[PDB]
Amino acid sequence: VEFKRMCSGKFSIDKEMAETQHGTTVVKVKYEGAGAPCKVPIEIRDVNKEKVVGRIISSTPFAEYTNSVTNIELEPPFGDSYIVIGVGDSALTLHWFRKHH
């Protein structure tokens, strides 16, 4: 609350990743690390995990406390992309494939 920093610990998927009814994807994550409250590191990269694509819809997502749960809405581009949550080796890398309805 006083100092806003990026979470350094591990996240885990806490619900099936799924499509909304308005062309977006929702991901729920449990924060298992420390230093909370802290900001959830998250971005979407291309099929090569290189360039940043799509965008995050939710306002700056936070992990409020240890073992807290956070809902995140984002907008992957069409085709293959990777939702990367957290930093370092423990980072979650989730393959998403978006088709045209």
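Residue positions are given as counts along the sequence shown, with the first one as 1.
Between the stretches 88-96 and 9-17, it is 88-96 that shows the larger average CA temperature factor. If you compare the C-alpha temperature factors of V52, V26, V29, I42 in the entry, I42 comes out highest. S59 sits in the highest third of its chain by CA B factor, as recorded in the PDB entry. Among all modelled residues in its chain, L74 ranks in the middle third by Cα B-factor.
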